[PDB]
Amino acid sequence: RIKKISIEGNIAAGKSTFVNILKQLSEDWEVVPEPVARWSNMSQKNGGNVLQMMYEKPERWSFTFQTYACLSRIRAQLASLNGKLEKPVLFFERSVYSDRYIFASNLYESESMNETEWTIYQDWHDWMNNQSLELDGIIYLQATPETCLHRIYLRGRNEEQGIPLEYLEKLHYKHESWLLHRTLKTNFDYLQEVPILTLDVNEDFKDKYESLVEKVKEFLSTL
């Protein structure tokens, strides 16, 4: 019996950092890192190609990217149900919900996907998933768009130095509608009541992470 937890947060808030932190702390704790972040500096080929494209001309490629990136996530968390794990916990790096209600939905609103692409994507999504990876909990790593902005700066990936404060602000608002106010409605009945834990990570924690983690073990003890 493996519990599944999704760790969520904006570009550069500290997800793979944190995710690599609890990694080391438990033999019963495994993580699945988001394939998009690894393409991000032969699936690596396809993955590498589509990301630069996506940046250069989102209005052309958001639909091919979002489907490929989401397919990539389903097969990764699947191959992890196997892999490992007495008191198992699987941490996901972001989820198939993130894909759709944060990134895909955002590109429609931005018009980089038209009604047709969005409507198709929505039922591919709806369908692709009805056919196991339901989550037991959600951890929300909360940071302001300016913290993420400088942390994209401490990361120094080429492509992301472009990314402007306004796109981060945009994504922040959607994480807050979804994970705090629980304002957003989904087409997945259960994700209206998945328990959620919200961690504030504006303060660095790379070597001052004990409370965060005590908070994690608590919430985990209450599932």
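Quick note: we count residues from 1 along the sequence shown, nothing fancier.
According to the entry, the deposited sequence has 1 to 3 residues without coordinates between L85 and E86. Here 182-190 and 55-63 are compared by their mean Cα B-factor, and 182-190 comes out higher. Here 99-107 and 76-84 are compared by their mean Cα B-factor, and 76-84 comes out higher.
The entry assigns its greatest Cα B factor, within the set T144, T119, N130, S112, to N130.
When the modelled residues of the chain are ordered by C-alpha B-factor, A69 sits in the lowest third. Among the modelled residues of its chain, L171 has a C-alpha B-factor that falls in the middle third, as given in the PDB entry.
When all modelled residues of the chain are sorted by CA temperature factor, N41 is found within the highest third. For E27, the recorded CA B-factor ranks within the highest third of the chain. Only modelled residues enter the ranking.
In this PDB entry, the Cα temperature factor of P33 sits in the middle third of its chain's modelled residues.
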